[PDB]
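The same protein chain appears twice below, in two forms, each given on its own as structure tokens and labelled structure 1 and structure 2.
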Structure 1
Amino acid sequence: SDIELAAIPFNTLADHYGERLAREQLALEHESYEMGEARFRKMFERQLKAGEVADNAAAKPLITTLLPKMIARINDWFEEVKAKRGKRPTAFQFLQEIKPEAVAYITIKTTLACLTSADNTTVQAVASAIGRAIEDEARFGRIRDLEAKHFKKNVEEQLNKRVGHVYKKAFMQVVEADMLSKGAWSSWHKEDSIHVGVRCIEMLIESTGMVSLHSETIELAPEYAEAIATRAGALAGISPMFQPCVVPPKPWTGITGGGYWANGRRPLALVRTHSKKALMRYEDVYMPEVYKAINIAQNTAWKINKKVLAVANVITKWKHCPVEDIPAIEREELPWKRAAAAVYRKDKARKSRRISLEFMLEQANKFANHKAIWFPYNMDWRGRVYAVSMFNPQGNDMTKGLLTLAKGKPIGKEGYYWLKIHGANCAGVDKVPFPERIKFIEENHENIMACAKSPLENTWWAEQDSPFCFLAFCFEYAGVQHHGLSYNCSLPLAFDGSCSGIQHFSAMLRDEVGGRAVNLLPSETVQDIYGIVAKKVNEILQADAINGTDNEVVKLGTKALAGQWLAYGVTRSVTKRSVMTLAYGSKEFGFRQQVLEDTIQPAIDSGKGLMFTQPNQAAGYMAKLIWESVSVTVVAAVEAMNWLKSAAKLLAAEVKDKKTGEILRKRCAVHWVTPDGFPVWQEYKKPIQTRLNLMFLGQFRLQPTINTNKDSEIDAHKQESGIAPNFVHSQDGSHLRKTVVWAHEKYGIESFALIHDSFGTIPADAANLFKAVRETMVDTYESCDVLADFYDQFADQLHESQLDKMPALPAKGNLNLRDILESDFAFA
């Protein structure tokens, strides 16, 4: 903790926590590096052990160093073969069919995809591959033109959507069948390929230096191999599989080096900037209140919940797990193919959803028994707080259920009450006033005690929404029964804001209309903006049901389209995403994809949607009802969004003198400071090396031709589409930080379970976390005009030169912010 104690790690740790743990920490931090390095190797090996080195980061810096030098030979060759007054070296014509440097990549990316694939490879081998590779790309690739504007025809849906070595060529080979423009292709036989490759390989040794020698055999040079290899070693040690700490995290006292104690070559950064320049920007920023939050949060002690671990260890192995959606051990034995071949899709998810489950579970068992564990914390560039280790209090239900707070306290009267509210919430009974939630729990007393007594026999808990967190609650609840209000409880009891995006919008705009929808006002009943939008959608569907157009040709009209959804079960869930993203910039076309993928696509997979006859239409239709319904509800917000977008737009713009063509104001990055003093710099940038996508072999970049470069170029588009969510998210993250500091400094709360818009503590402190999250909400927006502050941030610094078509600050509303203090259902 001492600014001086930021010396030799082991000494400071032991001095504070004893040599034993001091060792465990460092041993642990070191293991994370080791594990990370392994994970890299395994991959980097399976990469070359399957001819695909060029892809790996390790070879990228080599490729870029040579890829360009090829034209300095390839083309330097053509404009030289043209000097000969006779026949052309055969290769000439059999390489002019595609982009030069595109060949060079297909060349190198293949000369190595063999020099690292097999152990005994010669010129015939390479050439028979290079030339072989020059084709395909020459074939299915020369279709770049005389097909453009029609290639992106999405007739291939994300073209080679399903990745695959030969797959990209499989589900795209007989697809070549279609006559389309012209047609027919005279295969390069099987005697030109070698020749094609031979010159490639020769003008490779002629340009680069890779392929060296003393029929012969090809071998990667000594310095170009020891390079990719060095690059690896010097790359495997930077993606550690960070793990929790067995001692409190190293407090942050600067933009880097907090969290973990071992002082390494690559310490941890406070903000997750992509560029050192971004990070370096915080290098001197005064933000005491921000460091305070991150430190307070990360000093929260957690322990593994031995009982939840107990059931989770076994039950996740059960052939048929009683837990709703837990990835099962094995597959589903062969997918007719028909529409029931989606398995390749569903099992893909399962196997990956399963990987993390076993990792989370292994971490839990690895850390059971420890008196406590901690999670270092840092932030993304908007300032939201994230635990650094893969396993953390912000994970899924099972993860959250495996974790509980280490420092509990006698639960008490209030603690018990909130514990019951939490349990009701974990069960899903949460869109109802508190009295009805308590009743839910009390009138389920025996069920809860049962699941507590014998979880693997009384699995009523697995049936709930947050089964493991609910089970976690049953144990604690059963505990209160066996011991009374004196029971020491440390269960993190979660309070979550209801649609915080809109809440923040309503607060900063004082919008009472919106506020009401998102419980920013005291109310007997619990407002649910998604359910609201859902009702409106139903009035529509109901209306379109009896009288709303019919089918033409084949295209399902309304009425029949509405009936389908009516047949379904349009609920708050279907409208969620869209209501939440609207004010972020999600348009009707967004909704379509959302409804499609979020509720239709999946419903179909399990077979509970055998009444949609083409997800589309069903989706576009739903997307429209939601838009027209969500629009008549979220307005101030949309106004506020558009105001932000205008700001981003005018700052991203590049202003040129109407007459001289001179740049008057260079594109600018949107910048703002959150209420707790966290500065955010939004500056997306259009890629530097305009990459060329060569189907099959993959994609690669290249140093620009035009000497532009300079900074990198701001992405005016991204800058405008992100400003709304980035702004609001930084606003919630600030509220999160302010609440952590407030609850700690005003109520002495030490334990926090923070999940962005979710605030948690032990039952005994629940009541105070409850007022605190509300108090900070009010102090903030009653003390700051974030939009007007934002404006004072760009109005001057970067602007004018004609730019003054800046819409006016949205009109404030009549929402009395202090009412939030008396709102039962606001939570956040």
Structure 2
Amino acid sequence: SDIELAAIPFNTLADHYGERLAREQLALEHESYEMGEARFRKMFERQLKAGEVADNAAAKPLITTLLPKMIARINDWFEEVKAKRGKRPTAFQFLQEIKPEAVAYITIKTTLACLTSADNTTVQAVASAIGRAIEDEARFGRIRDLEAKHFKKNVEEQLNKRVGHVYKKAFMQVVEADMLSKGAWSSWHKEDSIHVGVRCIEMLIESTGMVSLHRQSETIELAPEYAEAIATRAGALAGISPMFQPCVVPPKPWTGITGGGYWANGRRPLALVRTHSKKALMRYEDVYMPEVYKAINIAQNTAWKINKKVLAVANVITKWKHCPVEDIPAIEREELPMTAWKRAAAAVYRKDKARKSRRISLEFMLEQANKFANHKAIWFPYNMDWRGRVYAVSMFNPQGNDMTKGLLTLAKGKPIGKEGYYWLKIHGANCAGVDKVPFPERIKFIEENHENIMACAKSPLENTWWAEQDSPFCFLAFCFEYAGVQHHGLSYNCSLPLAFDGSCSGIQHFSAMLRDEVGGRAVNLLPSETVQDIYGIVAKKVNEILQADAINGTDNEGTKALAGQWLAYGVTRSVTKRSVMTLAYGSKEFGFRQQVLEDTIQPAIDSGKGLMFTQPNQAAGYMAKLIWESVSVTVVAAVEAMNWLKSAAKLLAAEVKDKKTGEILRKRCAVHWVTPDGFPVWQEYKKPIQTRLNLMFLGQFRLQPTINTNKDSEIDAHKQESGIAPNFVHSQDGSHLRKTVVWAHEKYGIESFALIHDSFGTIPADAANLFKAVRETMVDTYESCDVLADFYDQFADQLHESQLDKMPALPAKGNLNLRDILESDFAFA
């Protein structure tokens, strides 16, 4: 509907959608920009009125420029104090202790902190501040240094946890309590500190010229240029982080790596690929990938609308003292009552941090929903992350949590129909949790609950239960439409997005490109009686282990009892799950310990439902090994294919130098590959250019490299290998997601799409076809091309030799008949 000519907004929108909607749209983009700067200012202020200006990006561009000059004046002073044949100022004494880096930084930093915080910025105050600042380091890195790794394990793992420059200076007193060898610390006295700062105050004036000294004991100020600059940099930053909101008209079609989504032509347009380096983005500048541009476009032309009935419930039910949906964050704290009582009521704090923060988005989402109710429809611009996965641009989108998705329904519905009705019951059965049983038992769930559904539909307020299902608001959303069908019949116009979501798309994709039948089997890639749940399969396997006590259970010096603790907890698919999908991505046994500990124990601990683990560790380490054993003997080809990708990344990331005269024969280099739909991916992680240096309290800061070397930035051979596997398949599903949107649209005429990476959705009337579209695409894709062989050919002849050829062979293909996916009921994606 728009060709290369639409260059002047408003004129294009109005003579296309009416100037009434053209204005609203533009009004909105601009507001997004407005709310952005607003959100910025509010912060740039809370930091200003909190001595943390040095932390704001607005100062960084300056700090970087004055930091070197300082340390370049700090040293010169020293050597010069050495030329002096006599006594040395007390400054050289209480300043040679800490690194000449911390010194300067803590200087510039602190000097700005208390000279932008209050209005009593005097030499006595600032200096005293820098003094306590310089002393609050004074090379007492007793643990950070002196080869006392105890810091990089039991002293650092916490400081980075404790929030606030107040609790880090306080909680640090803890570590100090314990002897830790050595001991005692002569206080710089409240008279040497000032002097320590004095010299520091100087040198800064001697070099940076930043601060200035009035002539009204003497006040401290900032130069008209080094003050206007952080206020300039601010204004800059302020308008480059807009709180993007949905659109009141179809998004602007993408025709290039930039300018898509919103119509307002601003200085910072939207980019198609969420890249980090502008260089990375320009890499797409001329790549021909029509099918990619079409998925993104088609997908963003999906007209959505607020689900008023679902909004009605949500609006009031989320204020409720006691919400019937144990998922929503309460309005108030978690009391406080329930080593001292506090021992058990310690998590209360952090658990409320999750609540208040989870509460903020909840309210923002509700703000957007209500804000956009009444609009005949709304759209979401779309772009990708760099592996090619599709993301809605605005904070509020059909990809958000339960309530979010519940608050949204497709704008263009159609008479539901026989099949559409069927597919909806299925949807409802899914929203309810009844989704790991064959389709017939699901319809039975919906039908055998007819009355509960109507009830919740009549007085959602009065009749909860819908709020006792896994997907409460979505289920609710379904209850409504279901009731509508009852009151109106199969000609009922329904626009409820019916979600078709693959079962572990990760292993499915691996199983696909490898024809892995065992894996495919597990992840429903073949027609089957009951739905295969690979997580349940691993859950059942773990259980057999647990069930075994003596053969696997030992005495406590132990297992046995340990297993019993779990058997008591009742280990199910809930656990081990994350561990099952990340194995083929690189997650190891140590990874599981953390996962199971953080995903199952940690949450089950502070709640009461799980207080029989006696120390989570070991109890988690234990599970970690069963999950490994159980999963390792389940996911095979996948892993093999994973290690094959790691070798290519490892090899390419490597920097080969000649054995006899080591000049670099081949330079480190990114792994490159093209997704089936024509979408190019460039994975080239980089090791931080400016090495960073912490200071425990004041924070962290970088600094221009010492050794003149940083031409490119230095590729991170480690990340390149740990990401390659996950990034690759992700780019395989994203392409699969895009391939399906285009396929479903051109072959089936589908206009509405509810996309969520490996989740495909439409209105009931088109579900049948999306059910086929996805699958047909899965099949045609992995049958038309060998993604691993094509990947090889991509780096094979290209940068790869100079000895390099320890490249494991492409995995042997399985006996899986891809075409079967077409007959698989549980595959979905």
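Start at 1 and count along the sequence of structure 1; that gives the residue numbers used here. Just so we're on the same page, rigid core means the largest C-alpha set that superposes within 1.5 Å between forms.
Peer 1: Kindly specify the one residue in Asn707, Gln158, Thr660, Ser606 whose Cα moves by 2 Å or more between structures 1 and 2, with superposition done on the rigid core.
Peer 2: With the rigid core superposed, the residue that stands out is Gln158.
Peer 1: Once you line up the core, how about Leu235: does its CA shift reach 2 Å between structures 1 and 2?
Peer 2: After core superposition, the C-alpha of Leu235 moves less than 2 Å between structures 1 and 2.
Peer 1: Once the core is aligned, please say if the CA of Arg139 is shifted by at least 2 angstroms between structures 1 and 2.
Peer 2: Yes; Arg139 is a residue whose C-alpha shifts (by 2 Å or more) between structures 1 and 2 when the cores are overlaid.
Peer 1: Note yes or no: does the Cα of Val314 move by 2 Å or more between structures 1 and 2 after the core is superposed?
Peer 2: Stays below the 2 Å threshold, so no.
Peer 1: Taking the rigid core as the frame, how far in Å does the Cα of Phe171 move between structures 1 and 2?
Peer 2: Value for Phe171 between structures 1 and 2: 1.0 Å of C-alpha shift.
Peer 1: Check the Cα of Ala148 between structures 1 and 2 on a core superposition and give its shift in Å.
Peer 2: Its C-alpha shift, to one decimal, is 3.4 Å.
Peer 1: State the core-superposed CA shift for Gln617 between structures 1 and 2, in Å to one decimal.
Peer 2: For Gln617, the C-alpha ends up 0.6 Å from its position in the other form.
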